[PDB]
Structures are given as structure tokens and as C-alpha cells.
$ cat target-v8.cif   # mmCIF, C-alpha atoms
data_data
#
loop_
_atom_site.label_atom_id
_atom_site.label_comp_id
_atom_site.auth_asym_id
_atom_site.auth_seq_id
_atom_site.Cartn_x
_atom_site.Cartn_y
_atom_site.Cartn_z
CA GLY S 110 0.00 0.00 0.00
CA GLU S 111 2.84 2.40 0.72
CA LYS S 112 4.34 1.58 -2.69
CA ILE S 113 1.01 1.98 -4.52
CA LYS S 114 0.43 5.34 -2.85
CA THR S 115 3.91 6.55 -3.80
CA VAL S 116 3.80 5.50 -7.48
CA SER S 117 0.07 5.86 -8.10
CA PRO S 118 -1.54 4.81 -11.40
CA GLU S 119 -2.31 8.45 -12.21
CA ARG S 120 1.42 9.16 -11.93
CA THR S 121 2.16 6.39 -14.42
CA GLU S 122 -0.50 7.77 -16.76
CA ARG S 123 1.15 11.20 -16.59
CA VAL S 124 4.60 9.74 -17.26
CA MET S 125 3.43 7.70 -20.24
CA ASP S 126 1.53 10.67 -21.68
CA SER S 127 4.66 12.81 -21.40
CA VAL S 128 6.72 10.09 -23.10
CA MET S 129 4.21 9.91 -25.97
CA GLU S 130 4.06 13.68 -26.44
CA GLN S 131 7.83 14.04 -26.39
CA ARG S 132 8.26 11.17 -28.85
CA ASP S 133 5.85 12.93 -31.21
CA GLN S 134 7.77 16.19 -30.88
CA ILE S 135 11.15 14.53 -31.52
CA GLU S 136 9.71 12.83 -34.60
CA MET S 137 8.29 16.09 -35.95
CA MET S 138 11.52 18.00 -35.26
CA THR S 139 13.74 15.33 -36.83
CA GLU S 140 11.53 15.00 -39.93
CA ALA S 141 11.38 18.78 -40.37
CA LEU S 142 15.18 18.80 -40.67
CA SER S 143 15.16 15.95 -43.24
CA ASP S 144 12.85 17.48 -45.86
CA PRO S 145 14.32 16.49 -49.27
CA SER S 146 13.12 19.79 -50.79
CA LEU S 147 16.43 21.43 -49.81
CA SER S 148 19.06 19.16 -51.37
CA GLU S 149 16.64 18.81 -54.26
CA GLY S 150 16.02 22.56 -54.20
CA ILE S 151 15.46 23.44 -57.84
CA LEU S 152 13.14 20.85 -59.41
CA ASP S 153 12.66 20.14 -63.10
CA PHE S 154 10.20 22.51 -64.74
CA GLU S 155 9.71 19.76 -67.34
CA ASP S 156 8.78 17.48 -64.39
CA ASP S 157 11.31 14.65 -64.72
CA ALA S 158 11.16 14.51 -68.54
CA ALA S 159 14.87 15.24 -68.95
CA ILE S 160 15.78 12.74 -66.24
CA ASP S 161 13.37 10.26 -67.82
CA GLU S 162 15.20 10.54 -71.13
CA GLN S 163 18.57 10.39 -69.34
CA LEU S 164 17.55 7.12 -67.68
CA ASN N 4 16.36 31.71 -64.45
CA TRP N 5 14.55 28.73 -62.91
CA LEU N 6 13.92 30.71 -59.71
CA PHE N 7 11.22 32.80 -61.42
CA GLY N 8 9.08 29.73 -62.08
CA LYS N 9 9.57 28.64 -58.47
CA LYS N 10 8.40 32.06 -57.25
CA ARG N 11 5.33 31.87 -59.49
CA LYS N 12 4.59 28.37 -58.20
CA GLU N 13 4.89 29.52 -54.58
CA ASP N 14 2.52 32.45 -55.14
CA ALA N 15 0.02 30.20 -56.92
CA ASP N 16 0.18 27.60 -54.15
CA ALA N 17 -0.36 30.26 -51.47
CA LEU N 18 -3.37 31.61 -53.37
CA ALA N 19 -4.72 28.07 -53.76
CA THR N 20 -4.41 27.44 -50.02
CA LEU N 21 -6.11 30.72 -49.13
CA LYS N 22 -8.94 30.13 -51.60
CA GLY N 23 -9.48 26.58 -50.37
CA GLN N 24 -9.73 27.80 -46.79
CA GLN N 25 -12.16 30.49 -47.90
CA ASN N 26 -14.17 27.74 -49.61
CA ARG N 27 -14.44 25.85 -46.33
CA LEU N 28 -15.52 29.03 -44.54
CA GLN N 29 -18.17 29.80 -47.17
CA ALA N 30 -19.47 26.23 -46.90
CA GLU N 31 -19.77 26.58 -43.13
CA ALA N 32 -21.53 29.94 -43.53
CA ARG N 33 -23.97 28.32 -45.96
CA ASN N 34 -24.69 25.53 -43.47
CA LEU N 35 -25.26 28.08 -40.70
CA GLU N 36 -27.67 30.06 -42.89
CA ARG N 37 -29.54 26.85 -43.74
CA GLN N 38 -29.87 26.05 -40.04
CA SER N 39 -30.98 29.60 -39.22
CA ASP N 40 -33.72 29.54 -41.86
CA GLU N 41 -34.87 26.10 -40.68
CA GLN N 42 -34.93 27.41 -37.11
CA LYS N 43 -36.95 30.52 -37.99
CA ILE N 44 -39.54 28.44 -39.84
CA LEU N 45 -39.65 25.92 -36.98
CA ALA N 46 -40.16 28.70 -34.42
CA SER N 47 -43.02 30.18 -36.45
CA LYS N 48 -44.57 26.72 -36.79
CA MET N 49 -44.48 25.91 -33.09
CA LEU N 50 -45.77 29.38 -32.20
CA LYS N 51 -48.62 28.41 -34.50
CA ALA N 52 -48.81 25.28 -32.31
CA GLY N 53 -48.86 27.36 -29.11
CA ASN N 54 -45.61 27.44 -27.14
CA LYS N 55 -43.50 30.47 -26.15
#

$ encode --input "target-v8.cif" --output "C-alpha cells"
Amino acid sequence: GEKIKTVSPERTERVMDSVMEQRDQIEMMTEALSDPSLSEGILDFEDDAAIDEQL
Amino acid sequence: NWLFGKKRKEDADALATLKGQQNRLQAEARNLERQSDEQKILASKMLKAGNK
């Protein structure tokens, strides 16, 4: 009973909710930094036609 | 050179986003007007039926 009062179930719910929220924020931050639109940058105006013919 | 087309594309995409959002807002306004007309007619009907 002393242990259950110390680490209550509501406390575990709060901890797991915080873990979920922080995991979501890390995923969003680390996928924002990996957007291929930068290294791609300028895209074909012909929309891959030149690269199609090159392939 | 190619940057001009990119700028035009960005402006067109921004206008498309703004117009789409305005389309949602006009749809919601239309729904609200529909509900308000229905409610006015219903109120007149039940006042015909005797309740205040």
C-alpha cells in the first residue's frame, strides 16, 4: 500500500503521456530537418522529362 | 532563371491554399444560414402550435 500510494496509477499515466508527447515532438523535429526539398532545391520545370530521357 | 518559375509556383500555391480555406468558410456559412432559416420556420410553426 505504501508503494502503490507513492507510485500511483495516475502518476504512471502522466509519465506515459509525457513520453508519448515528447516522442511525437522529436519525430516532428527530426523530420522537419530531413525534408528532401532542400538538397533537391530546384526541381525540373519539365517534371522529370529530362531525367526520364537520361535514364 | 529557374527561380522565377519557383516564385510563381509559390505564389500560386499560397493563393490556392487561401482560396481553399475560404471555400471551407463559405461552406460553413452556408450551413449556418440553412440552419438559421430552418430554425426561424420551426419557431413560427411551433408558435402556431402554441408554445413560447

$ closest_atom_pairs --input "target-v8.cif" --of "chain S" --to "chain N" --cutoff "9 Å" --atoms "all atoms listed in the file" --output "CSV"
residue,atom,partner,partner_atom,distance
S:151,CA,N:5,CA,7.4
S:152,CA,N:9,CA,8.6
S:153,CA,N:5,CA,8.8
S:154,CA,N:8,CA,7.8

$ atom_distance --input "target-v8.cif" --atom1 "atom CA of residue 10 of chain N" --atom2 "atom CA of residue 150 of chain S"
12.6 Å

$ atom_distance --input "target-v8.cif" --atom1 "atom CA of residue 129 of chain S" --atom2 "atom CA of residue 144 of chain S"
23.0 Å
